[PDB]
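Residue numbers (the authors' numbering), protein chains in the order written: chain C, 154 to 215; chain F, 154 to 215.
Number of protein chains: 2
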Amino acid sequence: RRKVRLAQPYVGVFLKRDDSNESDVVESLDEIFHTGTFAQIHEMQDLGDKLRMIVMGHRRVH
Amino acid sequence: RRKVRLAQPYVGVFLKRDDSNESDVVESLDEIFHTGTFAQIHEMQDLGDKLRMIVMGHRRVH
């Protein structure tokens, strides 16, 4: 919601490392790989759930 | 995609002169008619083709 007001609507996509742990993700940022991919946000649907975001691999980076 | 970030999304549609030439469109800007019409993009579909824009004639200008 905060990025709706932003002039540039985009989402970064990243890949987690081995031994996925939500607590670790919210605690240590080293779990996520340095490699990532920024992409533009298409549209919010939230048909069944409140988070049904769309992510595509557009601009890779490390 | 570059005008999505723009606060005001709009598009201008002009009229080409007789003897249309695709190369001349990018080579010469005088082929197109002075008269044009500016409007606002409604929404992207891109169902089958990557480019399927919807164009309206809203504000005519010369």
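All C-beta atoms, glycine included, are put in the ideal place defined by N, C-alpha and C.
- Item | Length of the line joining the Cα atoms of residue 157 of chain F and residue 201 of chain F | Residue 157 of chain F sits at position 4 when you count from the first residue of the second sequence. Residue 201 of chain F sits at position 48 when you count from the first residue of the second sequence. Roughly 20 Å between the two C-alpha positions.
- Query: At which residue ranges does the segment 155 to 194 of chain C contain complete beta strand (DSSP E) runs of 3 or more residues, listed in the order of the chain?
  - Reply: Uninterrupted beta strand (DSSP E) stretches at least 3 residues long and entirely within the segment 155 to 194 of chain C occur at 163 to 169 and 185 to 193, given in chain order.
- Message: For residue 177 of chain C and residue 191 of chain C, what's the separation of their Cα atoms in angstroms?
- Response: The count along the first sequence starts at 1 and reaches residue 177 of chain C at position 24. The count along the first sequence starts at 1 and reaches residue 191 of chain C at position 38. Annotation: residue 177 of chain C to residue 191 of chain C spans about 23 Å, alpha carbon to alpha carbon.
- Going along chain C, which residues have a C-beta under 7 Å from residue 158 of chain F? Stepping through the second sequence from its first residue, residue 158 of chain F is reached at position 5. Those are 160 and 161, listed as they occur along chain C.
- Might you give, ordered along the chain, the residues of its own chain that have their beta carbon closer than 8 Å to the beta carbon of residue 162 of chain F, omitting 5 neighbours on each side? Within the second sequence, residue 162 of chain F is the residue found at index 9, counting from 1. Excluding sequence positions up to five before and after residue 162 of chain F, its CB lies within less than 8 Å of the CB of 156, 193 and 194, all in the same chain and listed in chain order.
- Message: Does the CB of residue 194 of chain F have a neighbour CB from chain D at under 8 Å?
- Response: Looking at the structure shown, chain D is missing, and the protein chains on hand are C and F.
- Could you spell out the range, first to last residue, of the beta strand (DSSP E) harbouring residue 214 of chain F? Counting from 1 along the second sequence, the entry for residue 214 of chain F is found at position 61. Start and end: 212 to 214.
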